[PDB]
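Below you'll find the structure, written out as structure tokens, and then a few comments.
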Amino acid sequence: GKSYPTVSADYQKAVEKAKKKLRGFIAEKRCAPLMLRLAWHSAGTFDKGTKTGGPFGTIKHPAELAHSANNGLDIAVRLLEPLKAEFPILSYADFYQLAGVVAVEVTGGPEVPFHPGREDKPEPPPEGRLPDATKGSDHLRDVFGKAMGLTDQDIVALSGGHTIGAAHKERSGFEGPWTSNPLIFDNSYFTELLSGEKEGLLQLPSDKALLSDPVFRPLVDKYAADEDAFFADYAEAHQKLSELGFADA
Ligand code: HEM
Ligand SMILES: [K+]
């Protein structure tokens, strides 16, 4: 149900040039996981029933950055501002989602389709809509399904974004990477989840909830066995996430 807006030729040219500059910048700074978390936290506030929140540029506002869920994301916003300023025609909304898409690509993930046109909105959404790492499946469905409107399949594939990156005790309070290759986008998140607790590697209660839910567990198993299946479902879910509320909800 998407109808993407028309943008001018100059806008499309800047998207293409921004995409290339973002690859070099994100690869150089080794910040792909942080930029994916910035894109996701930008989009993950969407509430379908009210059409509030979502990927509309509000996370750079200090009021949204101050949310505890966003601890550390001010680094990301600061890191991107010089590059953003080279593309004044792009919305911050599109810029941050483009950074998320590129973060996945440059770590070796699928190519997530990207459509421009998001407008920057003035009001951040209320705090408290992003998922709580200490809760379980019922909570995940409340947040991804009843608020955002995404599917159970989308929940498991998007959880796989933890295949890159790490937690930090001074940000969430959790600490360490989910995988042994945290700058490589692959299905290792699911293979670690299945294998048990390995020393040095992180599992949140929200990751573990995937193993005991009757719908989520068959997906974890599919993704652990079939990385190509993981990439297809990942790319579908990330595109949907990045487009919540945009070009028809
Ligand atoms: C399923 C519900 C989820 C919960 C409860 C959750 C929770 C967390 C927490 C607590 C952290 C650690 C932050 C820190 O201390 O630095 C984290 C990091 C991260 N999250 Fe999630 N997350 C969820 C879903 C997602 C999704 C849907 C994506 C994107 C597809 C994503 C991508 C990441 C990435 C890449 C990091 C690493 C950031 C870094 O390395 O700095 N997560 N998440
Ligand atoms: K990995």
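Chain labels run A, B, ... following the order of the structure tokens; each chain numbers its residues from 1, and ligands are numbered from 1 in the order shown.
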At a cut-off of 7 Å, can you tabulate as a tab-separated table every residue of chain A near ligand 1 together with its closest atom pair and the distance in Å to one decimal, using only C-alpha atoms and all ligand atoms and ordering rows by chain then number?
```
residue	atom	partner	partner_atom_place_in_ligand_line	distance
A:33	CA	ligand 1	35 (C)	3.9
A:34	CA	ligand 1	41 (O)	4.1
A:36	CA	ligand 1	35 (C)	5.1
A:37	CA	ligand 1	33 (C)	4.6
A:40	CA	ligand 1	29 (C)	5.3
A:72	CA	ligand 1	16 (O)	6.8
A:131	CA	ligand 1	5 (C)	4.6
A:132	CA	ligand 1	5 (C)	4.7
A:133	CA	ligand 1	5 (C)	3.5
A:140	CA	ligand 1	1 (C)	6.5
A:155	CA	ligand 1	1 (C)	6.6
A:158	CA	ligand 1	27 (C)	4.4
A:159	CA	ligand 1	1 (C)	4.9
A:160	CA	ligand 1	30 (C)	6.6
A:161	CA	ligand 1	30 (C)	3.9
A:162	CA	ligand 1	34 (C)	4.9
A:164	CA	ligand 1	35 (C)	5.3
A:165	CA	ligand 1	40 (O)	3.2
A:166	CA	ligand 1	40 (O)	4.0
A:167	CA	ligand 1	15 (O)	3.6
A:168	CA	ligand 1	15 (O)	3.8
A:169	CA	ligand 1	15 (O)	5.9
A:170	CA	ligand 1	15 (O)	6.8
A:171	CA	ligand 1	15 (O)	4.2
A:172	CA	ligand 1	15 (O)	3.7
A:173	CA	ligand 1	15 (O)	5.7
A:174	CA	ligand 1	15 (O)	5.4
A:175	CA	ligand 1	15 (O)	6.4
A:206	CA	ligand 1	5 (C)	5.3
A:207	CA	ligand 1	1 (C)	6.9
A:238	CA	ligand 1	30 (C)	6.6
```
Contacts of region 208-218 of chain A within 8 Å, only C-alpha atoms, excl. fewer than 2 positions in-chain, as a PyMOL selection string: chain A and resi 136-137+152-153+156+193-194+203-206+220-222
Site check for ligand 2: residues at most 6 Å away, only C-alpha atoms and all ligand atoms, as a list in words: residues 163, 164, 179, 181, 182, 184, 185, 186 and 188 of chain A
Using only C-alpha atoms: which of A:128, A:54, A:196, A:44 has the shortest distance to residue 246 (chain A): A:54
Counting only C-alpha atoms, the option among A:98, A:235, A:150, A:80 closest to residue 48 (chain A): A:150
Residue nearest residue 96 (chain A) - candidates A:52, A:42, A:6, A:70, atoms counted: only C-alpha atoms: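 When distances to residue 96 (chain A) are compared using only C-alpha atoms, the smallest one comes from A:42.
Across the structure, CA of residue 100 (chain A) and CA of residue 78 (chain A) are spaced 15.3 Å apart.
Computed from the coordinates, the CA of residue 178 (chain A) to CA of residue 224 (chain A) distance equals 14.1 Å.
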Atom pair CA of residue 99 (chain A) / CA of residue 236 (chain A): separation (Å): 16.9 Å
Distance query residue 130 (chain A) at most 12 Å, only C-alpha atoms, self and fewer than 4 positions along chain excluded, as a PyMOL selection string: chain A and resi 37+40-47+53-54+64+67-70+125-126+135+139-144+147-148
Please produce an output containing N, CA and C atoms for each residue in the selection, written as a JSON list (two decimals), in the first residue's frame.
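Saved file result_5.json follows:
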```
[["chain", "number", "residue", "atom", "x", "y", "z"],
["A", 37, "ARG", "N", 21.16, 1.52, 14.57],
["A", 37, "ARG", "CA", 20.32, 1.82, 15.79],
["A", 37, "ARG", "C", 19.73, 3.18, 15.73],
["A", 40, "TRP", "N", 16.62, 2.91, 13.21],
["A", 40, "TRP", "CA", 15.59, 2.10, 13.85],
["A", 40, "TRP", "C", 14.90, 2.84, 14.99],
["A", 41, "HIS", "N", 15.70, 3.46, 15.86],
["A", 41, "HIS", "CA", 15.05, 4.26, 16.88],
["A", 41, "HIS", "C", 14.28, 5.45, 16.32],
["A", 42, "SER", "N", 14.74, 5.88, 15.16],
["A", 42, "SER", "CA", 13.96, 6.92, 14.51],
["A", 42, "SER", "C", 12.60, 6.41, 14.05],
["A", 43, "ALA", "N", 12.60, 5.21, 13.47],
["A", 43, "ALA", "CA", 11.36, 4.70, 12.87],
["A", 43, "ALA", "C", 10.43, 4.01, 13.87],
["A", 44, "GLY", "N", 11.03, 3.43, 14.91],
["A", 44, "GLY", "CA", 10.35, 2.48, 15.80],
["A", 44, "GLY", "C", 9.36, 3.12, 16.74],
["A", 45, "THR", "N", 9.24, 4.44, 16.68],
["A", 45, "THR", "CA", 8.28, 5.15, 17.52],
["A", 45, "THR", "C", 6.91, 5.30, 16.85],
["A", 46, "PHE", "N", 6.73, 4.71, 15.67],
["A", 46, "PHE", "CA", 5.48, 4.93, 14.94],
["A", 46, "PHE", "C", 4.32, 4.20, 15.59],
["A", 47, "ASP", "N", 3.24, 4.97, 15.73],
["A", 47, "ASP", "CA", 2.02, 4.32, 16.25],
["A", 47, "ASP", "C", 0.92, 4.42, 15.20],
["A", 53, "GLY", "N", 4.69, 9.69, 15.47],
["A", 53, "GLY", "CA", 6.02, 9.11, 15.51],
["A", 53, "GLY", "C", 6.45, 8.61, 14.13],
["A", 54, "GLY", "N", 7.53, 7.81, 14.17],
["A", 54, "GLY", "CA", 8.05, 7.28, 12.92],
["A", 54, "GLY", "C", 9.22, 8.09, 12.36],
["A", 64, "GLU", "N", 14.07, 14.35, 22.08],
["A", 64, "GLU", "CA", 13.96, 12.93, 21.73],
["A", 64, "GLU", "C", 15.26, 12.22, 22.08],
["A", 67, "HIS", "N", 15.47, 10.83, 25.58],
["A", 67, "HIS", "CA", 14.85, 9.57, 25.99],
["A", 67, "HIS", "C", 15.91, 8.56, 26.42],
["A", 68, "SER", "N", 15.65, 7.81, 27.50],
["A", 68, "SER", "CA", 16.69, 6.89, 27.94],
["A", 68, "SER", "C", 17.01, 5.81, 26.91],
["A", 69, "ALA", "N", 15.99, 5.43, 26.13],
["A", 69, "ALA", "CA", 16.16, 4.41, 25.10],
["A", 69, "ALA", "C", 17.18, 4.86, 24.06],
["A", 70, "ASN", "N", 17.33, 6.16, 23.94],
["A", 70, "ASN", "CA", 18.24, 6.72, 22.95],
["A", 70, "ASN", "C", 19.60, 7.08, 23.49],
["A", 125, "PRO", "N", 7.60, 12.17, 19.09],
["A", 125, "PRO", "CA", 6.52, 11.45, 19.79],
["A", 125, "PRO", "C", 6.89, 11.36, 21.27],
["A", 126, "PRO", "N", 5.90, 11.01, 22.06],
["A", 126, "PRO", "CA", 6.15, 10.78, 23.48],
["A", 126, "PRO", "C", 7.16, 9.66, 23.68],
["A", 135, "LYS", "N", 11.76, -7.30, 28.63],
["A", 135, "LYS", "CA", 10.48, -8.03, 28.50],
["A", 135, "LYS", "C", 10.50, -9.12, 27.45],
["A", 139, "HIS", "N", 5.24, -8.42, 24.94],
["A", 139, "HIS", "CA", 5.69, -7.03, 24.78],
["A", 139, "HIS", "C", 6.17, -6.74, 23.36],
["A", 140, "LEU", "N", 6.97, -7.62, 22.78],
["A", 140, "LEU", "CA", 7.39, -7.40, 21.39],
["A", 140, "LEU", "C", 6.20, -7.22, 20.45],
["A", 141, "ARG", "N", 5.18, -8.09, 20.60],
["A", 141, "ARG", "CA", 4.01, -7.92, 19.74],
["A", 141, "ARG", "C", 3.25, -6.64, 20.00],
["A", 142, "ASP", "N", 3.20, -6.18, 21.25],
["A", 142, "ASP", "CA", 2.57, -4.91, 21.52],
["A", 142, "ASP", "C", 3.27, -3.78, 20.77],
["A", 143, "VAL", "N", 4.61, -3.87, 20.75],
["A", 143, "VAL", "CA", 5.36, -2.72, 20.19],
["A", 143, "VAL", "C", 5.50, -2.83, 18.69],
["A", 144, "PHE", "N", 6.00, -3.93, 18.16],
["A", 144, "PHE", "CA", 6.10, -4.06, 16.71],
["A", 144, "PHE", "C", 4.75, -4.23, 16.03],
["A", 147, "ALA", "N", 1.58, -1.32, 17.89],
["A", 147, "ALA", "CA", 1.90, 0.09, 17.58],
["A", 147, "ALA", "C", 2.36, 0.24, 16.14],
["A", 148, "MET", "N", 3.51, -0.37, 15.83],
["A", 148, "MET", "CA", 4.06, -0.13, 14.49],
["A", 148, "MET", "C", 3.28, -0.75, 13.34]]
```
